[PDB]
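J.: Below: the sequence, then the experimentally determined structure.
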Amino acid sequence: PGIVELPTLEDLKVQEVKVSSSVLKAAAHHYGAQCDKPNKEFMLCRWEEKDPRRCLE
Amino acid sequence: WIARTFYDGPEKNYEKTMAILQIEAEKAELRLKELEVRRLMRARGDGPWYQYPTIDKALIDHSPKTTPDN
Ligand SMILES: CCCCCCCCCCCCCCCCC[C@@H](O)O[C@H](CO[C@H](O)CCCCCCCCCCCCCCC)COP(=O)(O)OCC[N+](C)(C)C
């Protein structure tokens, strides 16, 4: 019943954050204070679309 | 004298029989109709009868569920 639509592997390329979990935890509070707007935009998009494929940008 | 004292005219019995026949013919028609209606409702389920219960929709929680994909 239909074909699942999956984005190409090119669509999933991004320059990743290659720091370990300790580095993330050390800077977590300032990261949350500073990067709030893009993060909240993504999360709202995520719970509203209910689809990973609609939230890549 | 016997007819005057104890009995009644033919018209009384005649019309009473007409009324009784009407009542019982209506009852027979209603019985057939009831059987047909019961068969139809039980087969279809679109009437007030034979309505079997289903899950209430007021039980579902409509809130973010700690995960975007529910
Ligand atoms: C020479 C005479 C020859 C003929 C003799 C005839 C004697 C008749 C006796 C037998 C009669 C049997 C009864 C037949 C009918 C009784 C039941 C019913 O059909 O009658 C009821 C009425 O019954 C009578 O009121 C009472 C009959 C009781 C007869 C008793 C006779 C024997 C009594 C013995 C007692 C002895 C004395 C005590 C000793 C200790 C209802 O009538 P009703 O619905 O209104 O009629 C209305 C008619 N309209 C509409 C046209 C106006």
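T.: Yep, that arrived. Numbers count the residues shown, from 1 in each chain, chains lettered A, B, ... in the order given.
J.: Now do the SS call for the residue positioned nearest the centre of chain B.
T.: Closest residue to the average C-alpha location of chain B: residue B:34 at 5.4 Å, with CA atoms, centre = their mean. Following DSSP: H, G, I helix; E, B strand; the rest coil, residue B:34 is assigned to helix.
J.: any idea how far residue B:26 is from it?
T.: Counting by CB to CB, to the nearest Å, the gap between residue B:34 and residue B:26 amounts to 12 Å. Any C-beta I mention is one placed from the backbone N, CA and C, and that applies to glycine too.
J.: Skipping adjacent residues, who's closest to the spatially most central residue of chain A in space?
T.: Geometric centre of chain A, nearest residue: residue A:42, 6.5 Å, by CA atoms, centre = their mean. Computed as CB to CB, 6 or more residues apart in numbering or on different chains, the closest residue to residue A:42 that is not its neighbour in sequence is residue A:55, at 6.4 Å.
J.: what number of residues lie near that neighbour?
T.: For residue A:55, the count of nearby residues is 17 (other CB atoms under 10 Å in any protein chain shown).
J.: Can you name the residue of chain B nearest chain A?
T.: Closest approach of chain B to chain A (CB to the nearest CB) occurs at residue B:68, with a separation of 4.2 Å.
J.: Ignoring the adjacent residues along the chain, who's closest to residue A:12?
T.: residue A:56 (7.2 Å).
J.: What strand or helix carries that neighbour?
T.: Residue A:56 belongs to no helix or strand when elements are defined using DSSP states H and E.
J.: repeat for residue B:27
T.: Using DSSP H and E, residue B:27 falls in helix B:10-44.
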